There are 6 protein chains.
Amino acid sequence: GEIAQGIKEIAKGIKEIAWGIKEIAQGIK
Amino acid sequence: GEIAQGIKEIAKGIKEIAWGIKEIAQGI
Amino acid sequence: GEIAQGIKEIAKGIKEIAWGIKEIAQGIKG
Amino acid sequence: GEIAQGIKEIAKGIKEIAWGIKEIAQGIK
Amino acid sequence: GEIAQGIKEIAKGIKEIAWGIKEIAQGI
Amino acid sequence: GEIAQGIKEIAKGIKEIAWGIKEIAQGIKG
């Protein structure tokens, strides 16, 4: 499904955002 | 299903983003 | 439902992100 | 609906995140 | 419906967040 | 669908946010 695909792509991007935010948080410390 | 799984994975990632944002806010 | 629960947990996390971003924005004012 | 309510609350929080990010972006300049 | 409207408003807010993040990245 | 379109536009914006966050993270390395 187009919706199923979109949700999968959002999940992937959110995982990448979570990683980058942790990098920023550690990089500020 | 696949949608239920995707929503669960998004919820998990958003919880992790919320924690990291709090760490940035405290770190600043 | 599992979807209903997931959406509720996303709403909760988004509220927490919104709070932290506001704290950062104010904290950059010093 | 619980889903309808959740989506409304997410939309509200995303609007607030958009505002705060713009504040940070301007505050960095 | 209400869900379709909410998803449209989320899409709009995410576009605005994407622009602001790019401004921060360029500003840094 | 309107929902299908909205989800696609969210996916696109989230990919762009992910890119910008990576740029910030690397840019904080200098």
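Residues numbered from 1 in each chain as written, not as in the entry; some residues may be left out. Chains lettered and ligands numbered in written order. Heavy atoms only, no water. Residues with missing side-chain atoms left out of burial classes, pairs and counts.

The deposited PDB record carries the title "A hexameric barrel state of a de novo coiled-coil assembly: CC-Type2-(GgIaId)4".

Visitor: I keep staring at the interface of chain B and chain A and nothing clicks. Help me out?
Guide: One widely used convention gives an interface's size as the accessible area the parts lose upon coming together. Taken together, the contact pairs 16 residues of chain B with 14 residues of chain A. Taken together, the residues that form the side of chain B that touches chain A break down as 9 nonpolar, 4 polar and 3 charged. (Contact = heavy atoms within 4.5 Å. Nonpolar A, V, L, I, M, F, W, Y, C, P; charged D, E, K, R; others polar.)

Visitor: What am I meant to see in the environment of B:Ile21 here?
Guide: Here B:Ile21 shows up in helix 1 (residues 2-27). In sequence terms B:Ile21 and B:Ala4 are 17 residues apart; their C-alpha atoms lie 26 Å from each other. (Helix = DSSP H or I, 4+ residues; strand = E, 2+ residues; numbered from the N terminus.)

Visitor: Is there a simple way to explain the interface of chain B and chain C in this structure?
Guide: Taken together, the contacts link 12 residues of chain B with 15 residues of chain C. Tallied by class, the residues present in the side of chain B that touches chain C amount to 12 nonpolar, no polar and no charged.

Visitor: What is the right way to look at the arrangement of the chains in this model?
Guide: At the level of C-alpha atoms, the two units chain A and chain D stay apart, their nearest approach being 14 Å. Of all C-alpha pairs spanning chain D and chain F, none lies closer than 11 Å, and the two are not in contact.

Visitor: What's the story with the pattern of salt bridges in this structure? I'm lost.
Guide: Opposite charge on two side chains lets them pair, provided their charged atoms get close. As a salt-bridge pair, A:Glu9 and F:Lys15 come within 2.7 Å of each other at their nearest N and O atoms. With A:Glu9 in helix 1 (residues 2-28) and F:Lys15 in helix 1 (residues 2-27), this residue pair bridges two chains. Across the salt bridge formed by D:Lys29 and E:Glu23, the nearest N and O atoms sit 3.6 Å from each other. With D:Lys29 in the segment after helix 1 (2-28) and E:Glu23 in helix 1 (residues 2-27), the pair connects residues from two separate chains. (Salt bridge = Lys/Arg side-chain N within 4 Å of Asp/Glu carboxyl O.)

Visitor: Looking at this structure, how should I read the packing of helix 1 of chain B against helix 1 (residues 2-27) of chain C?
Guide: Each pair of packed helices can be summarised by the angle the axes make with each other and by the distance between the axes. Relative to each other, helix 1 of chain B and helix 1 of chain C sit at 20 degrees, their axes nearing to 8 Å. As far as their axial angle goes, helix 1 of chain C and helix 1 of chain B are roughly parallel. Like other packed secondary-structure pairs, helix 1 of chain B and helix 1 of chain C cross with a definite hand, here left-handed. Residues that form the contact of helix 1 of chain B with helix 1 of chain C fall into these classes: 18 nonpolar, 3 polar and 4 charged. (Axes fitted to C-alpha atoms, helices over the stretch in contact; angles between N-to-C directions. Parallel < 35°, antiparallel > 145°, perpendicular 65-115°, else oblique. Left-handed = near helix turned anticlockwise from the far one by under 90°.)

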